[PDB]
Each structure stands twice: as structure tokens, then as C-alpha cells.
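Here's the structure we're looking at; comments come further down.
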Amino acid sequence: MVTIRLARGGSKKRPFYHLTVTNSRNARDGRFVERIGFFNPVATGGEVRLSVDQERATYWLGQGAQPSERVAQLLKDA
Amino acid sequence: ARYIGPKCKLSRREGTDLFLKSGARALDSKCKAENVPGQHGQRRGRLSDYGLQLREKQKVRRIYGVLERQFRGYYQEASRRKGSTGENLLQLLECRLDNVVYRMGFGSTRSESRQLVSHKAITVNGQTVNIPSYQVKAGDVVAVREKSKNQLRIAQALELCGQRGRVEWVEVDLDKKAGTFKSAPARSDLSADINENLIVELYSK
Amino acid sequence: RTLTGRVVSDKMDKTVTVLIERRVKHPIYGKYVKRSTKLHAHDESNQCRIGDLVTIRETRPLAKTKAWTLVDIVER
Amino acid sequence: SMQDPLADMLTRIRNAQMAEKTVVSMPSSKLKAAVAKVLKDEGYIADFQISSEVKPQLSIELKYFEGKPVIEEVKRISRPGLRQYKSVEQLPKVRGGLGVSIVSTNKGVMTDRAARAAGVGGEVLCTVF
Amino acid sequence: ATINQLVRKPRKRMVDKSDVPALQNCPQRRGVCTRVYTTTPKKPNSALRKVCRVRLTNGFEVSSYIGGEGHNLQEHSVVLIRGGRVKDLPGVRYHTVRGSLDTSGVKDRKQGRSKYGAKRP
Amino acid sequence: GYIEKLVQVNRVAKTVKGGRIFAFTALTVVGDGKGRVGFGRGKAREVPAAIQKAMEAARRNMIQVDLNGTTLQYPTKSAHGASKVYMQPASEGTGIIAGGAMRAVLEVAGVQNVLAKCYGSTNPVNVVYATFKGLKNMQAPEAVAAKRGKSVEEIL
RNA sequence: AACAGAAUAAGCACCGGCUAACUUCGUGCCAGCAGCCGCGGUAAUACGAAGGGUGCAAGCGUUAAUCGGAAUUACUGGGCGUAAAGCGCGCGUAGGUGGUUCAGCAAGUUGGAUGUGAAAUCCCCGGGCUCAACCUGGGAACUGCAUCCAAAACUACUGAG
RNA sequence: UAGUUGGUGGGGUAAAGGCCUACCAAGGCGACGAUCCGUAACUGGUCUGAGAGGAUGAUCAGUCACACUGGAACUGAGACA
């Protein structure tokens, strides 16, 4: 299956996720089909937490992309 | 690592005032700045051509108190920016926080201003800064913390502001002790003894 | 996609051989050399001569080392 | 058996301005007769004449603002066997834009200041100061 | 050379080789010693230099040099050699680290002690 | 005028019979800080007297240099002997970066942005000739423009 | 946020020239030094010490290993009368280069469009960690290769002189 | 260099092919460096350089190749694990 899930970038104790669409049998930090947004939990000041783009998420979700548990709510809270 | 030791002795080799001792007592009375230090303080002659450029670089590096690992770091940010690396090298040494405390007049020496920053007594945007490397911007309201407004180190030093004047890119208020860094300096308030065309040429070869 | 070369061989059975010249430039000395190319175009009717000027195109492989075919004979 | 004609027109110009000649006469072509038009409009020679019938010539009159001549150096760039081609970005500039450089473009033989205005690259010929 | 020759035979850059052929790409090397000579230098000097010959763990049998002012180096004792080309003696291409394994440094020395391996009083 | 700058000092000799007679030579360039320079070479029998002789010949037979103002006009390349010299003007903040004997020419001329390099044989008494063929043959365009200015300067 | 108190916390190489920085004391062709020049034979600013001084600092030095400087494999950017370097002289195949007028063509060439050149890295403008390293948003770039459209000066090919 | 290089007929595999076989034919490649010897996993990139270039492929990422040595198939969507 293909799936929409979260990567992990940044230092220790300061994460920064990436909404990628990947084949399911890959690594976390490995290859991907494309990337559509990010998610910053520790965003402070001028930083933006959610930055999903609704165009490609309209495209992939109509072709059987299967989201994760956190991405079940982040697309919902837009 | 700072420099802890004698301080006339640095002014005594380069042969200038250099503004290192604190009070307005006297140059060349605490110091006896007539000669090169050491035993052979009488023999002289023919500073080498490489030795002239190192003598200019070591002069600018001892007014402000940097070390060479930091000083080459400022030299990289000079050559990054657009145009006139000599002027840009000075304006990154003017915007540093231990200089601006000295320009406002919250200390006698420049090394006194380093200690007032280091003991958390100085704020910048309403919040505490204890780093003697903080590059301030245009319009940062440097003020003094209320727990130490009664120190005589700050009160006495404002009578040592009389022999200095205002540098006309700051403004200081002698009641609340809250200076305001107005804008960047120009290349007219700096003395002509420093040379922006010997330090740039030293870091080529 | 369509190439052009000249025939050098008629020895095999239903199989012709072309020379495709090419001017590549040298990567560092800035000069256009000539370096050749020699294929095995699948002939179909055993009717080309040594010295022609023909035209080839690419198909699926027919034997091994023979994937190009013959479009048409241009000139003798 | 001369291999390149246009490096022979430039050689006679460089030599005649050391013998302090005035008129130079070499055989012509439909390219040499267009280069000398460009050197006249930029201004290095006086004039030029295509005056014969079956061996058409090219008679060039040279300038001397001083005892030193007006052309001080000239070299051929696209020598036959190198064939130097340049686009508009990598097109050279001689002496900070004080010499001339002659570039054969899609719109005729013109100088470097003209084709860079039109945005057409091409083939360099020479770098006259 | 013209361009049409360099296409046919391009410019091949000549190569060097290591002045330290033993201890193949490594900064130090240990070995056990065999003989402690005391040889004489070349012509414009006059001295009596002290030279030990070492068999490494590579199997090579190369001469070496011992610095300092006095060495306890009896035979069959391990050392730790390093590079360094002595101009005076012929065939000597290796120094010997003091204070590392067996040579144990020097004594009563107060200038440049990280060289020759001396402590701090 | 007079701003002096020394480059070279030697110890030449001369064998006669008996012993060997020594002598000192010196090379000293003199400029005005605006674009009027002049070099000089003197030989005498001691250091404080050979420098004075070379200074006097410098301020005779001088050169007027038409600088653009702390820079040059265009990249040029001149040569003398087995010594080749390249120079091209630079930006504002960059000082003079050249080797030994082209700094002393390019200080006293008043230029500040020179960005030079010398090839071939480095001879300090002979790289100066390679520099002064370059500077004394500048143009300083007396034209109506530059991108247009090839109808009134070529007639100059 | 509060309490203690200046208390809890500085070495390392070098100083004859390249090369910033120097004089006394031992030693006397001995011991020893060394990146190259080279010092030491009884007054050593070069060996061993002592004062002094200069460079760097929580690090400083040596060794090993690449690229620079090296226009010292030179495309950009060198040479061959005597310094190293023109075959003993011819003829000639593959190959390289082509006098002069038109005409055609568009393979080179120039301009443009589309598809591509993974993300990171480098660069530019910003944004977060008390600053910086670090993390991160947007752009340029990735010099390429391919498919189309146009131009025709020069080279190629073709036709005529 | 003799399944070697093509042709034809038949097999074989998810799929084109000397992949395999039976006869036919005597071809194929090579100084634009085949063949053989010696070494080495390649790439996006890192390190120097003004630039052109020169070395080099640790950590991070993509691809390949192995799982004590040499073979071999089964199971299965997909392994010669």
C-alpha cells in the first residue's frame, strides 16, 4: 500500500515532522514519492504548526493513499 | 578565555593611548609608556613589512577583547556581505553587546562592561542577556536590571562619561538607565589610527 | 527517433550493418572529434548493397545484438 | 596554399602600421569586404574600395592620430582548427568595453555592442583594441 | 603542442612516491630493536651519532635514530618509531619517540618537554 | 613631490687582486600619492649613502599615471625580460594584494584596488620595468561614453 | 528565585635568516641541534640552562596523508640556434585543415518553449534555540540530455560556375 | 571466438532473445585499443582552487553485491532466501 505518514527531522528533544507520501515498506528517513507539508509541535512566535497543501492531498487521497493516526487529525484540523 | 594580566604593558608596546585603563587619572603616569617593554626597551629599528600588518591586526584585536578564532569568524561574515569588507568588519565589532554598554557609559573600562553583562545585570528587549557577543540591532532598548541599579560601579562611571561625550548613534537616560541604540555607526566616528587596509590584506597571505 | 547511415556489409542472412558517424566534442579541449558507431539493422528482404545510404529505427529485439530495423533506402 | 584568408588581412594591417604606410591592397572576398565596413563605422581606418573586375581588390587607408597608430593590437580568435563559439552570457569583453570584438551572428557581421543589445550570440572573429 | 595532438595523447601527470616507504599510511609503528651502532656523520660535520636498527611488525629491517642525551636502550626492547629524515647520516629515515613504551624520555630538562617526553616539576 | 619607499639592497663585489672590493646597490621608488611615480637605482660604498643616491635619481625622469581613482582603467598584461605581469582593477574593500615589489610601485601611485600577480622570473629590479610599461601606456578614455564611446576616442 | 564567598578553576611551542619576538651563564669539532641554508675547534643572540619577550589558548605541538603555492603536464596558461628538447632524408595510406562567385538545404551555431536533472549539501532572503554552532520556510542553481518552433552570417552537405 | 555470428523448425519463460535444441550458412568483433594482466563497489556529494581543474566516495541518502565454503531447488504475490 501507499501511505501518508510523518518523518522526523531536527535535533534532540526538538522534533520537526514532514508529511510525506511513501510506499509502506520503506524506512522512515528513506525514499518517498513526494512531500506536501510539515508539522512543528514546538512552534513559538512567528512559526507555523500546520502547513498542509490541500491540492496534492486532494489528488492522492482519491487514489487509495492510506493515512496514519496523527495524519487522520491533521488533515481534519485545517 | 579572556586576557588576565598587565594592561599598561599592551599599551606600552604598540605606543598609543589605546584606552585600556579605567580612570581619567593620567596616561603615562601609571604606565610610563615611553618604551617597548621588556629588558631591551632601548634598542629599536625597522619593523618588518609583515610585522607592520601583524602590528595593526593585533592593535584592533586588543581594543575590543576578541581572540583569533572568533576574529576570523567575523572576517568570514565581512566577506559574505556586499561591499567594503573593511567597513563591515568594524560594524560587526561595534554592534557587539560589550561595546554598546561601554558606548552608553555603563562602565569605566570595556572589561567592566564584560563583567556587567556576565552577571545577568543587563537586558536588551526586556529580557536578560548574559552573552558578551550579542549582536544588537537598530532600535534595541538596552536597559539595566532593577536588582542592580544601586551599584556604585554604574553610578561612578557616569561621571567618567564627561570626558567622552556622546557618540551620536546612542542616547542614554541618567535616571532609569535605559539606553537606546539608535542606528549603525558610520565611518566617521571611528578614529583614523585603525586601518581597514592592513587587516584585510593580512588574511590573504 | 530516426537515424541514417551507410552500409558496409552484406555477408549475413537478412542482416545488414551500418556506420553512423557522430561529432562529439572533447570535454576539456573544446574540439569536435569524429567517433563512429556500428549497428546491426535487421534487413528484411536481402536487397541492400554495400555502399548504400539507408535509414533505421528501433524495434523490440529480433535476434540478440540486432534490435534496429530498416525504414527505407534513400539513395544508392 | 594559404589556409585562412582572414588572418591574412589582419596581418597586413598590423605590418603596414610599422612601415608607416598609408594604403594597403590585398585580395578581397565577401567577408573581408564586410569586416572593413565594421572597422570603419567603429573608426580605425579611413575608407575602403572594391575596385577591380576579375581580381577584385581592397584598398584600405590607415589612420595616425600620433606617430603611434590607432590600432595597437589585433588577434584572430576563431582560428581554423579551433572554431570558437559563444553564447550571450559567455561572450567576452575586451579592456572593460573600450576595444571592439567582432561576432558573426544570425543577423550579419556586427560588433559585440550590437548583438548583445539584440541578444544574439554567435562566433567570435577578433579582439581589436 | 597543438590541440590535435593532445586529443590523440593527453597530458599525463607524473606521480611521486612516499619518502617514508615503510609504515604504509600510518603515523607511528612499533618494532623490536636488534643492534645499537654508533656511526660517524658525513664530511662537513664531526660527531658520533647513535643509530639503532629495528625490525618492525611489517617485517622490515630499517635503521633509525635516537635523540635526547642518553638512552637506556638495550637490545630486544620494543620501541615506537616515526618518520623524519635526518640530513646528516646516510640511510637514516626514522626517529624514535621518547617516553612512549621503553625509552622513558630524558631527565632534568625544562625547555620543550612535550618533545622528548618530560613531565612538569 | 616626495614619498620614498625602498625595495632592494644587495652586496655586489669586484675582484681586483689581493682582496675583493665590496659595494652596495639599492632600488628605491618615489611617488606622490596621486599618480606621479619614479623609480631609481644607485650604487655606492655604504648603506646610508647608497640610499640617498637612489632617491635623487628617482625624482628625475618620472611618469604621469592616469588612474581612475584608487583603481585602474582595465585589465592589462605587460612584460619585460623574462618577467610577465598581470593586473586588473577590483572592488572597493579589497586592498592591494601583490608581491613584494609591485606593492611598492602601487602604493606610491595612490591606487588601492589593484589585484595583481607576476609570473616568470621574479626579479625586483626587473619586475618594475614590467610594471611601468603597463602604467605609462594607459588611455583614460576621453570619450562621450564607453558602450557608445567609439567615435570620439578612436580619433583621439 | 534564594543562600556561601574572590572563594572552585592556565598551560604549550618558539625567539640566526625565511618569521612576530634576546641577552647573560655552562659547553668547548665534545655532547648535541636541524623544514632548508647549516651552526659547535675556549668570548655560541642557533647546543644545555636563567631572566626577558612574542604567538596562540582549554588546548598547544610533532608525525602521517591530499589539494594549493607549482605558468613544475601550461584547454584557460609554457617550450625546442647554443640551457633538456626538430626524426639522417624522401614519397605516401588513415586522419586533420580548404582559393573565389551564386543557389539550395538546416547537420553544426544562436534564440525560445516543454519534459527532465530525487530529497539533502552548497549559495541567497527570511524564521526558531538568551547568542552562535544547530534546526528550518521560499528562491536561485544543478553547467546536462531529449522533443518542438524560428532565424541563416560563418562551417558542413548539395547544385552550378 | 565454434551456440562462436546469423537463418529456419520445435521447445521454454509472467515477457522479446541461441534462452534451448535439431539441422543450415561461414560468419562476428579489433589500433576509435578487442583480448589479457593489475587494482577498485559505483552515484548525489565532501576537501582544496580566484577560476579551469585536481584528488577522493567516513557519518546522511539512492542503487548493486553477499550472510561460515561450494552447490541446488521448493514454498510463494514477489526468495534461488
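Residues of the stretch B:57-75 that are assigned to a helix (DSSP H, G or I) and either within 12 Å of another protein chain (Cβ to nearest Cβ) or free of Cβ contacts under 8 Å to residues at least 40 places away in the same chain (or both): B:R61, B:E68, B:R69, B:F71, B:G73, B:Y74, B:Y75.
So, in the stretch E:32-49, exactly how many residues are out of contact with any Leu (no Cβ under 9 Å at 6 or more places or on another chain) and within 9 Å of RNA strand G (Cβ to nearest atom)? Total meeting the criteria: 5.
Considering only residues that are among the basic types (K, R) and surrounded by fewer than 21 Cβ atoms within 10 Å (Cβ to Cβ), which ones fall in the stretch B:97-119?
At the first step, the residues of the stretch B:97-119 found to be among the basic types (K, R) are B:103, B:110, B:114.
Residues satisfying the conditions are B:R110, B:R114.
Inside the stretch F:112-125, residues that are away from RNA strand H (no atom under 16 Å from the Cβ), within 24 Å of F:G1 (Cα to Cα) and free of Cβ contacts under 8 Å to residues at least 60 places away in the same chain make up a count of 1.
Inclusion of C:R35 among residues that are surrounded by fewer than 17 Cβ atoms within 10 Å (Cβ to Cβ), on the phi < 0 side of the Ramachandran plot and either within 14 Å of another protein chain (Cβ to nearest Cβ) or away from RNA strand G (no atom under 15 Å from the Cβ) (or both) is warranted.
So in the stretch E:95-121, with the set limited to residues that are near RNA strand G (Cβ under 9 Å from one of its atoms) and under 16 Å from the mean Cα position of the chain (by Cα), which one is surrounded by the fewest Cβ atoms within 10 Å (Cβ to Cβ)? In this case the residue turns out to be E:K115.
Tell me yes or no: at least one residue of the stretch B:188-198 is within 14 Å of another protein chain (Cβ to nearest Cβ) and not in a loop (DSSP other than H, G, I, E, B). Among the residues of the stretch B:188-198, not one is within 14 Å of another protein chain (Cβ to nearest Cβ) and not in a loop (DSSP other than H, G, I, E, B), which makes the answer no.
Here the stretch D:40-96 is the region considered, the condition is being touching a residue at least 12 places away in the same chain (Cβ under 8 Å), among the aliphatic types (A, V, I, L, M) and in a loop (DSSP other than H, G, I, E, B), and the residue that is nearest to the other protein chains (Cβ to nearest Cβ) is D:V70. One residue alone among B:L54, B:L90 is part of a helix (DSSP H, G or I), under 29 Å from F:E92 (Cβ atoms) and near RNA strand G (Cβ under 8 Å from one of its atoms), and that residue is B:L54.
Restricting the first member to the stretch C:5-29 and to residues that are over 18 Å from C:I73 (Cα atoms), and the second to residues that are of a type in the set (D, E) and part of a loop (DSSP other than H, G, I, E, B), no beta-carbon pair is closer than 8 Å while six or more apart or on different chains.
Of all the criteria given as (1) away from RNA strand H (no atom under 16 Å from the Cβ); (2) within 30 Å of C:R35 (Cβ to Cβ), the one not satisfied by E:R53 is (2).
Looking across the stretch F:110-146 at every residue that is over 21 Å from D:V70 (Cα atoms) and among the β-branched types (V, I, T), the one that is nearest to RNA strand G (Cβ to nearest atom) is identified as F:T122.
Check E:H71, E:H76 and return the single one that is surrounded by fewer than 17 Cβ atoms within 10 Å (Cβ to Cβ), more than 14 Å from chain C (Cβ to nearest Cβ) and either away from RNA strand H (no atom under 16 Å from the Cβ) or on the phi > 0 side of the Ramachandran plot (or both).
Details: E:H71 fails: surrounded by fewer than 17 Cβ atoms within 10 Å (Cβ to Cβ).
Step by step, each of E:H71, E:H76 is checked, and only E:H76 is surrounded by fewer than 17 Cβ atoms within 10 Å (Cβ to Cβ), more than 14 Å from chain C (Cβ to nearest Cβ) and either away from RNA strand H (no atom under 16 Å from the Cβ) or on the phi > 0 side of the Ramachandran plot (or both).
All but one of (1) among the small types (G, A, S); (2) within 16 Å of the chain's Cα centre (by Cα); (3) in the same structural domain as D:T111 (by CATH) hold for D:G81; state the number of the condition that does not hold. Tallying (1) among the small types (G, A, S); (2) within 16 Å of the chain's Cα centre (by Cα); (3) in the same structural domain as D:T111 (by CATH), D:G81 fails exactly one: (2). Note on the stretch D:1-39: residues that are closer than 12 Å to D:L125 by Cβ and assigned to a helix (DSSP H, G or I) total 9. Examine the stretch E:12-31 for a residue that is within 14 Å of chain C (Cβ to nearest Cβ), near RNA strand G (Cβ under 8 Å from one of its atoms) and surrounded by fewer than 16 Cβ atoms within 10 Å (Cβ to Cβ), and state whether such a residue exists. Yes, some residue in the stretch E:12-31 is within 14 Å of chain C (Cβ to nearest Cβ), near RNA strand G (Cβ under 8 Å from one of its atoms) and surrounded by fewer than 16 Cβ atoms within 10 Å (Cβ to Cβ). If you filter the stretch C:38-73 down to residues that are surrounded by 11 or more Cβ atoms within 10 Å (Cβ to Cβ) and away from RNA strand H (no atom under 15 Å from the Cβ), you find that the one that is nearest to D:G81 (Cα to Cα) is C:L53.
Given the criteria surrounded by 14 or more Cβ atoms within 10 Å (Cβ to Cβ), in a loop (DSSP other than H, G, I, E, B) and not small (G, A, S), does E:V36 qualify? For E:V36, the condition - surrounded by 14 or more Cβ atoms within 10 Å (Cβ to Cβ), in a loop (DSSP other than H, G, I, E, B) and not small (G, A, S) - is not met. E:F60 passes every criterion in (1) within 28 Å of E:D108 (Cβ to Cβ); (2) more than 11 Å from RNA strand G (Cβ to nearest atom); (3) of a type in the set (F, W, Y) apart from (1).
Contact map, the stretch B:157-168: first residue over 17 Å from B:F181 (Cβ atoms) and assigned by CATH to the domain that holds B:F106, second residue of a type in the set (A, V, I, L, M, F, W, C) and assigned to a loop (DSSP other than H, G, I, E, B), Cβ cut-off under 6 Å, separation 6 or more or different chains; pairs are B:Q163/B:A24.
In the stretch A:45-73, the residue that is surrounded by the fewest Cβ atoms within 10 Å (Cβ to Cβ) out of those that are within 11 Å of RNA strand G (Cβ to nearest atom), away from chain B (no Cβ under 14 Å) and within 22 Å of A:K12 (Cα to Cα) is A:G46.
Condition check for D:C126 on (1) more than 14 Å from the chain's Cα centre (by Cα); (2) closer than 27 Å to F:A140 by Cα; (3) more than 14 Å from chain F (Cβ to nearest Cβ): one failure, at (1). Residues in the stretch B:76-113 that are among the hydroxyl-bearing types (S, T, Y) and either more than 16 Å from RNA strand H (Cβ to nearest atom) or away from every other protein chain (no Cβ under 14 Å) (or both): B:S84, B:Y102, B:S108, B:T109, B:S111, B:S113. One residue alone among D:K63, D:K107 is of a type in the set (K, R) and in the same structural domain as D:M9 (by CATH), and that residue is D:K63.
Note that we place each Cβ from the backbone using ideal geometry, even for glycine, and neighbour counts take in every protein chain shown. The values are calculated or read from the model by the stated rules, or taken from the named source; no laboratory read-out is quoted.
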